[PDB]
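For reference, the chain that follows is the form deposited in one PDB entry, supplied as structure tokens.
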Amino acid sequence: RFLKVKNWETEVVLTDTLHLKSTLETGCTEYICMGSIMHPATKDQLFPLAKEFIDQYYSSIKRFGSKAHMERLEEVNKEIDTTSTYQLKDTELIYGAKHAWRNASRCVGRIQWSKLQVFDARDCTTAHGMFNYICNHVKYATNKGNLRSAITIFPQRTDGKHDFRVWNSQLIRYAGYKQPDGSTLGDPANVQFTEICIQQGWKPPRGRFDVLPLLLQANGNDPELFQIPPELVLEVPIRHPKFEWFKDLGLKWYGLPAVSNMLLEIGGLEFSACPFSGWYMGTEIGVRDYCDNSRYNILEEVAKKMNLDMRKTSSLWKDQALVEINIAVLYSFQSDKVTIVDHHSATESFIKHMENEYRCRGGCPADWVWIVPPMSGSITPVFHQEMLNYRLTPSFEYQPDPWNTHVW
């Protein structure tokens, strides 16, 4: 069936055909919707999946059923038959990575999807190799503040006992320390990871914003610690354009958001190590990272310096402080010429991106729960935009944390 989606602000109606191509389940059924749930090979499995991907690749370059296409099918078939897997061509790898981003239903930044620098690291064999590759990624992506989207792809999974993994959840994150008095210093999101680094030999500064070491696992071996050279770690001290006292809060963040714990799937092949990076939407830092109760939780401190009456919730003192923090963050990044996008501009771009995809591609899978910003929702255009969510491959998937799997 052709499915329609309406924008209730502009009354624009798009028609979705693309969803007809998905073959992977979403978690919902006819009788129960799980749209707010965060997470609901063999030779015989592998070839149909490879064939599907090869087919859409040669279809994408307008040479479906070509001599080259047919040969590739045969090439891939023989290679699965004789090795229980196959290797992607470089062109395929790049096409696959861009489309995993394209298909990422939860990403509001996908207007950029085809500007992705793809680093092929499939010849890597050791944690030291991974560290070199990651350093180059970071240096290239940071670009002195003029951030550039990139992904580095390490060797595919083989038998499951020789996985490459980046144990860090992002390449750059701050440590979190569980205090004697039961509280938390630094980032409470990373307390467990920090403890593993400590246990593995990392000597913690025990400050509020200590950059974590890289913890890297190659070919299924024990992971090894590495310090990212500090000149590669671009950071922004947070200040406020009106409140002189804001800089006295001591807040800072890092410029490069680079998620490193997801799994890239292309044509049935699994890439368990594929750190990918872009640039920040301000709310990621200013709302979630700084103001989640289970994160840096700074609302009370800021509201106090703002001298706001904090006794009753209906004074909306949290909401006032939230906006000012997010102002400061955008101002700080912009003053230091570090790429950042505000949630108005970002969501705006995403609506334009949806219109592009519906025209040229017949749809765009999108997850309203994640696309709508964590503040000021309904004064952004995506709030009023009906979206259809469905799962297309290639894709980025969640995977279990390595310390639950690995035996040393």
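Only residues modelled in both forms are compared. So that there is no doubt, residue numbering starts at 1 and follows the sequence shown. Superpose the two forms; the largest set of C-alphas matching within 1.5 Å is the rigid core.
What comes next is about the form deposited in another entry, which is not displayed.
Once you line up the core between the shown form and the other one, the CA of 288 is the only one from 288, 122, 148, 72 that shifts by 2 Å or more.
For residue 297, the Cα coordinates differ by 2 angstroms or more between the shown form and the other one after the core has been superposed.
Between this form and the other one, the CA-CA gap for residue 250 and residue 291 narrows by 3 Å or more, being smaller in the other entry. In the other entry, the separation between the C-alpha atoms of residue 286 and residue 380 grows by 3 Å or more relative to the displayed form. Shifted stretches between the shown form and the other one, defined as 3+ consecutive common residues each with a CA displacement of 2 angstroms or more after rigid core fitting, are limited to 286-297.
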